[PDB]
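These notes concern the structure reproduced below.
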Amino acid sequence: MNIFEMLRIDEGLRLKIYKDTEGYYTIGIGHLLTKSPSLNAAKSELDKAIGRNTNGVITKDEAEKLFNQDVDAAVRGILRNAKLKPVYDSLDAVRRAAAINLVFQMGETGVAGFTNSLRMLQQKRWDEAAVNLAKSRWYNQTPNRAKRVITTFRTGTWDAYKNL
Ligand SMILES: [Cl-]
Ligand SMILES: [Cl-]
Ligand SMILES: [K+]
């Protein structure tokens, strides 16, 4: 288990444009295309991302390429965030993966609302942080995924993923 395998489980793999949990056009392994209700706008974003006229369908290799880019950009974004970087740096590798997962899911919305949770994580108050993380729209809207991510933050193990 690593961040790629973890996010692949949480995001799934679809080769045609579909709507995510929030109703937004997405493709591949959790690659959000747009928040616009226009399918044509989503198709245009897809073409831009892939570099060809896709008409809403991609290959597995193309999906994996976007996924590599998206994971990389999530990590780089964390490191460029002056407030978030210290929290990330304080974590072990397994909990770092949980942080990348959350950042990936939140996308452009970001994680500023998680400030109190992130402080508790930095303090290594794992059970307290887990309780605080669940007091969120995130947990309520995607509780199974949030429970997996929270267990990863709480324990620093892959227990919520390894036996699926
Ligand atoms: Cl709390
Ligand atoms: Cl869920
Ligand atoms: K998804």
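Residue numbering restarts at 1 for every chain of the structure tokens, chains are lettered A, B, ... in their displayed order, and ligands are numbered from 1 as they appear.
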Requested in this report: Would you kindly return, as a count of residues only, each protein, DNA or RNA residue with an atom no farther than 12 Å from any atom of residue 121 (chain A), considering only C-alpha atoms and excluding same-chain residues fewer than 3 positions away?
Outcome: 33
Report task. Might you pull out every residue within 12 Å of residue 46 (chain A), with only C-alpha atoms counted and same-chain residues fewer than 6 positions away left off, and present them as a PyMOL selection string? Result -> chain A and resi 15-18+25-28+31-34+39-40+52-58+62-63+66
Now that the selection is made, can you save its residues with N, CA, C and O atoms as an mmCIF file, in the first residue's frame?
data_model
loop_
_atom_site.group_PDB
_atom_site.id
_atom_site.type_symbol
_atom_site.label_atom_id
_atom_site.label_comp_id
_atom_site.auth_asym_id
_atom_site.auth_seq_id
_atom_site.Cartn_x
_atom_site.Cartn_y
_atom_site.Cartn_z
ATOM 1 N N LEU A 15 -13.384 5.278 -17.545
ATOM 2 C CA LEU A 15 -12.755 5.751 -18.781
ATOM 3 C C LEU A 15 -13.647 6.672 -19.603
ATOM 4 O O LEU A 15 -13.235 7.164 -20.654
ATOM 5 N N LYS A 16 -14.867 6.892 -19.125
ATOM 6 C CA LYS A 16 -15.812 7.814 -19.744
ATOM 7 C C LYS A 16 -16.194 8.862 -18.712
ATOM 8 O O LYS A 16 -16.210 8.577 -17.512
ATOM 9 N N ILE A 17 -16.509 10.074 -19.160
ATOM 10 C CA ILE A 17 -16.952 11.129 -18.247
ATOM 11 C C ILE A 17 -18.128 10.651 -17.404
ATOM 12 O O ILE A 17 -19.077 10.047 -17.915
ATOM 13 N N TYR A 18 -18.049 10.917 -16.106
ATOM 14 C CA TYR A 18 -19.117 10.565 -15.178
ATOM 15 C C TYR A 18 -19.240 11.671 -14.135
ATOM 16 O O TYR A 18 -18.402 12.574 -14.078
ATOM 17 N N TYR A 25 -18.671 16.676 -13.253
ATOM 18 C CA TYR A 25 -18.036 15.891 -14.305
ATOM 19 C C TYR A 25 -16.571 15.598 -14.013
ATOM 20 O O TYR A 25 -15.782 16.508 -13.725
ATOM 21 N N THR A 26 -16.235 14.313 -14.114
ATOM 22 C CA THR A 26 -14.966 13.738 -13.679
ATOM 23 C C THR A 26 -14.611 12.615 -14.659
ATOM 24 O O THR A 26 -15.485 12.103 -15.368
ATOM 25 N N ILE A 27 -13.343 12.212 -14.697
ATOM 26 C CA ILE A 27 -12.957 11.040 -15.474
ATOM 27 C C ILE A 27 -11.734 10.402 -14.817
ATOM 28 O O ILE A 27 -11.093 11.012 -13.948
ATOM 29 N N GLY A 28 -11.404 9.187 -15.240
ATOM 30 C CA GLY A 28 -10.158 8.552 -14.837
ATOM 31 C C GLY A 28 -10.200 8.109 -13.394
ATOM 32 O O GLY A 28 -11.147 7.442 -12.975
ATOM 33 N N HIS A 31 -10.189 12.451 -11.554
ATOM 34 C CA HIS A 31 -9.796 13.699 -12.195
ATOM 35 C C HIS A 31 -11.018 14.576 -12.463
ATOM 36 O O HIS A 31 -11.744 14.363 -13.439
ATOM 37 N N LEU A 32 -11.251 15.543 -11.579
ATOM 38 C CA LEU A 32 -12.335 16.505 -11.756
ATOM 39 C C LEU A 32 -12.095 17.339 -13.013
ATOM 40 O O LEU A 32 -11.002 17.873 -13.205
ATOM 41 N N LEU A 33 -13.106 17.439 -13.873
ATOM 42 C CA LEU A 33 -12.976 18.218 -15.104
ATOM 43 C C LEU A 33 -13.462 19.650 -14.940
ATOM 44 O O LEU A 33 -12.798 20.586 -15.375
ATOM 45 N N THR A 34 -14.623 19.815 -14.320
ATOM 46 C CA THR A 34 -15.219 21.131 -14.160
ATOM 47 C C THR A 34 -16.367 21.035 -13.181
ATOM 48 O O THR A 34 -16.937 19.959 -12.997
ATOM 49 N N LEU A 39 -21.873 19.586 -20.081
ATOM 50 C CA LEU A 39 -21.074 18.448 -20.542
ATOM 51 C C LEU A 39 -20.080 18.867 -21.630
ATOM 52 O O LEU A 39 -18.950 18.372 -21.680
ATOM 53 N N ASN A 40 -20.494 19.790 -22.493
ATOM 54 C CA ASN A 40 -19.587 20.299 -23.514
ATOM 55 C C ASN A 40 -18.367 20.990 -22.911
ATOM 56 O O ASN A 40 -17.246 20.790 -23.381
ATOM 57 N N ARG A 52 -5.744 16.001 -27.114
ATOM 58 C CA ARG A 52 -6.371 15.534 -28.357
ATOM 59 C C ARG A 52 -7.889 15.654 -28.225
ATOM 60 O O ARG A 52 -8.396 15.876 -27.124
ATOM 61 N N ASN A 53 -8.611 15.493 -29.333
ATOM 62 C CA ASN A 53 -10.074 15.478 -29.303
ATOM 63 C C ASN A 53 -10.558 14.109 -28.812
ATOM 64 O O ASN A 53 -10.502 13.122 -29.551
ATOM 65 N N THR A 54 -11.023 14.055 -27.564
ATOM 66 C CA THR A 54 -11.364 12.783 -26.890
ATOM 67 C C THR A 54 -12.839 12.378 -26.982
ATOM 68 O O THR A 54 -13.177 11.204 -26.789
ATOM 69 N N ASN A 55 -13.707 13.359 -27.232
ATOM 70 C CA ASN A 55 -15.171 13.207 -27.123
ATOM 71 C C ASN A 55 -15.648 12.469 -25.864
ATOM 72 O O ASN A 55 -16.625 11.712 -25.898
ATOM 73 N N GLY A 56 -14.947 12.690 -24.758
ATOM 74 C CA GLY A 56 -15.376 12.167 -23.472
ATOM 75 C C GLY A 56 -14.920 10.772 -23.082
ATOM 76 O O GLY A 56 -15.372 10.253 -22.073
ATOM 77 N N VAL A 57 -14.037 10.164 -23.870
ATOM 78 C CA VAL A 57 -13.524 8.819 -23.577
ATOM 79 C C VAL A 57 -11.997 8.821 -23.633
ATOM 80 O O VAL A 57 -11.405 9.425 -24.535
ATOM 81 N N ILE A 58 -11.363 8.159 -22.665
ATOM 82 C CA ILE A 58 -9.905 8.043 -22.632
ATOM 83 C C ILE A 58 -9.470 6.594 -22.425
ATOM 84 O O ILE A 58 -10.287 5.719 -22.124
ATOM 85 N N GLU A 62 -3.975 6.883 -20.379
ATOM 86 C CA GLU A 62 -4.272 8.316 -20.251
ATOM 87 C C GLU A 62 -4.803 8.662 -18.855
ATOM 88 O O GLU A 62 -4.396 9.667 -18.257
ATOM 89 N N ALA A 63 -5.694 7.824 -18.329
ATOM 90 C CA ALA A 63 -6.220 8.009 -16.981
ATOM 91 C C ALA A 63 -5.084 7.972 -15.947
ATOM 92 O O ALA A 63 -5.035 8.786 -15.016
ATOM 93 N N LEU A 66 -2.966 11.273 -16.065
ATOM 94 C CA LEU A 66 -3.604 12.356 -15.316
ATOM 95 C C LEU A 66 -3.471 12.129 -13.817
ATOM 96 O O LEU A 66 -3.243 13.073 -13.060
#
Report task. Could the residues that lie within 8 Å of ligand 3, counting only C-alpha atoms and all ligand atoms, be listed as JSON, numbers by chain? Result -> {"A": [10, 11, 12, 13, 20, 21, 26, 29, 30, 31]}
Produce a file of the selected residues containing N, CA and C atoms, as a PDB file, in the first residue's frame.
ATOM      1  N   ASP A  10      -9.991   4.617  -3.380  1.00  0.00           N
ATOM      2  CA  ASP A  10     -10.981   5.606  -2.977  1.00  0.00           C
ATOM      3  C   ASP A  10     -11.672   6.295  -4.152  1.00  0.00           C
ATOM      4  N   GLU A  11     -10.965   6.446  -5.272  1.00  0.00           N
ATOM      5  CA  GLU A  11     -11.483   7.190  -6.412  1.00  0.00           C
ATOM      6  C   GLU A  11     -12.081   6.326  -7.516  1.00  0.00           C
ATOM      7  N   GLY A  12     -11.686   5.057  -7.586  1.00  0.00           N
ATOM      8  CA  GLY A  12     -12.113   4.190  -8.679  1.00  0.00           C
ATOM      9  C   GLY A  12     -11.425   4.540  -9.987  1.00  0.00           C
ATOM     10  N   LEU A  13     -11.824   3.850 -11.050  1.00  0.00           N
ATOM     11  CA  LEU A  13     -11.299   4.080 -12.393  1.00  0.00           C
ATOM     12  C   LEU A  13     -12.434   4.009 -13.393  1.00  0.00           C
ATOM     13  N   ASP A  20     -19.135  12.835 -10.230  1.00  0.00           N
ATOM     14  CA  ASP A  20     -18.580  12.439  -8.935  1.00  0.00           C
ATOM     15  C   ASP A  20     -19.636  12.535  -7.830  1.00  0.00           C
ATOM     16  N   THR A  21     -19.199  12.386  -6.577  1.00  0.00           N
ATOM     17  CA  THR A  21     -20.117  12.363  -5.440  1.00  0.00           C
ATOM     18  C   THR A  21     -20.848  13.687  -5.240  1.00  0.00           C
ATOM     19  N   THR A  26     -16.235  14.313 -14.114  1.00  0.00           N
ATOM     20  CA  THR A  26     -14.966  13.738 -13.679  1.00  0.00           C
ATOM     21  C   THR A  26     -14.611  12.615 -14.659  1.00  0.00           C
ATOM     22  N   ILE A  29      -9.167   8.492 -12.646  1.00  0.00           N
ATOM     23  CA  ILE A  29      -9.035   8.177 -11.226  1.00  0.00           C
ATOM     24  C   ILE A  29      -9.236   9.490 -10.460  1.00  0.00           C
ATOM     25  N   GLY A  30     -10.494   9.899 -10.341  1.00  0.00           N
ATOM     26  CA  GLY A  30     -10.815  11.106  -9.602  1.00  0.00           C
ATOM     27  C   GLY A  30     -10.340  12.406 -10.227  1.00  0.00           C
ATOM     28  N   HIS A  31     -10.189  12.451 -11.554  1.00  0.00           N
ATOM     29  CA  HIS A  31      -9.796  13.699 -12.195  1.00  0.00           C
ATOM     30  C   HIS A  31     -11.018  14.576 -12.463  1.00  0.00           C
TER      31      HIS A  31
END
Requested in this report: Produce as a ChimeraX atom specification the set of residues near ligand 2, where near means within 8 Å with only C-alpha atoms and all ligand atoms considered.
Outcome: /A:141-146
Skipping near chain neighbours, those fewer than 4 positions away, what residues fall within 12 Å of residue 110 (chain A) using only C-alpha atoms, listed as a short mmCIF file (atom, residue, chain, number, x, y, z; two decimals) with N, CA and C atoms, in the first residue's frame?
data_model
loop_
_atom_site.label_atom_id
_atom_site.label_comp_id
_atom_site.auth_asym_id
_atom_site.auth_seq_id
_atom_site.Cartn_x
_atom_site.Cartn_y
_atom_site.Cartn_z
N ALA A 74 -0.82 17.66 -6.04
CA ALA A 74 -1.33 17.71 -4.67
C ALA A 74 -0.19 17.84 -3.65
N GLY A 77 1.62 21.21 -3.97
CA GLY A 77 0.76 22.23 -3.36
C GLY A 77 0.88 22.28 -1.85
N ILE A 78 0.92 21.10 -1.22
CA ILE A 78 1.12 21.01 0.23
C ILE A 78 2.43 21.68 0.63
N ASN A 81 2.50 25.45 0.59
CA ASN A 81 1.58 26.07 1.53
C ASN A 81 2.30 26.24 2.86
N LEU A 84 0.58 24.64 5.89
CA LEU A 84 0.34 23.19 5.80
C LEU A 84 1.62 22.36 5.78
N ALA A 99 -2.88 12.57 4.44
CA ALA A 99 -2.95 14.00 4.15
C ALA A 99 -3.08 14.29 2.66
N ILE A 100 -2.30 13.58 1.84
CA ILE A 100 -2.40 13.74 0.39
C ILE A 100 -3.79 13.37 -0.11
N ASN A 101 -4.35 12.29 0.43
CA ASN A 101 -5.68 11.84 0.06
C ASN A 101 -6.72 12.93 0.31
N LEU A 102 -6.71 13.49 1.51
CA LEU A 102 -7.65 14.54 1.87
C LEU A 102 -7.49 15.78 0.98
N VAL A 103 -6.25 16.20 0.76
CA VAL A 103 -5.96 17.34 -0.10
C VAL A 103 -6.45 17.08 -1.52
N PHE A 104 -6.22 15.87 -2.02
CA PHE A 104 -6.67 15.46 -3.36
C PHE A 104 -8.20 15.57 -3.47
N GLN A 105 -8.92 15.04 -2.49
CA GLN A 105 -10.38 15.07 -2.51
C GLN A 105 -10.92 16.49 -2.43
N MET A 106 -10.32 17.33 -1.58
CA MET A 106 -10.81 18.71 -1.41
C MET A 106 -10.54 19.58 -2.64
N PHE A 114 -10.01 22.71 7.88
CA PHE A 114 -9.48 21.64 8.74
C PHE A 114 -8.38 22.11 9.69
N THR A 115 -8.18 23.42 9.81
CA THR A 115 -7.11 23.99 10.64
C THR A 115 -7.01 23.34 12.03
N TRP A 138 -17.28 16.94 5.11
CA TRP A 138 -16.56 15.86 4.44
C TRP A 138 -16.97 14.50 4.97
#
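With distances restricted to only C-alpha atoms and all ligand atoms, A:120 is the closest residue to ligand 1 from A:1, A:120, A:9, A:73.
For the pair CA of residue 123 (chain A) and CA of residue 109 (chain A), the separation is 24.4 Å.
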Query - CA of residue 139 (chain A) to CA of residue 24 (chain A), straight-line distance in Å - result: 18.5 Å
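Relative to CA of residue 136 (chain A), CA of residue 97 (chain A) is found at 19.7 Å.
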Requested in this report: Using only C-alpha atoms, pick whichever of A:50, A:160, A:79, A:42 has the shortest atom-to-atom distance to residue 67 (chain A).
Outcome: A:50
Query - DSSP alpha helix (DSSP H) residues within region 50-127 of chain A, as a PyMOL selection string - result: chain A and resi 50+60-80+84-90+93-106+115-122+126-127
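Shortest separation to residue 8 (chain A) among A:134, A:71, A:94, A:82 occurs at residue A:71, atoms counted being only C-alpha atoms.
For the residues A:83, A:119, A:162, A:35, ranking by smallest atom-to-atom distance to ligand 1 using only C-alpha atoms and all ligand atoms places A:119 first.
The shortest atom-to-atom distance to ligand 1, with only C-alpha atoms and all ligand atoms taken into account, belongs to A:135 out of A:135, A:163, A:158, A:43.
Per DSSP on the backbone, strand (DSSP E) in chain A comprises residues 14, 15, 16, 17, 18, 19, 25, 26, 27, 28, 31 and 32 of chain A.
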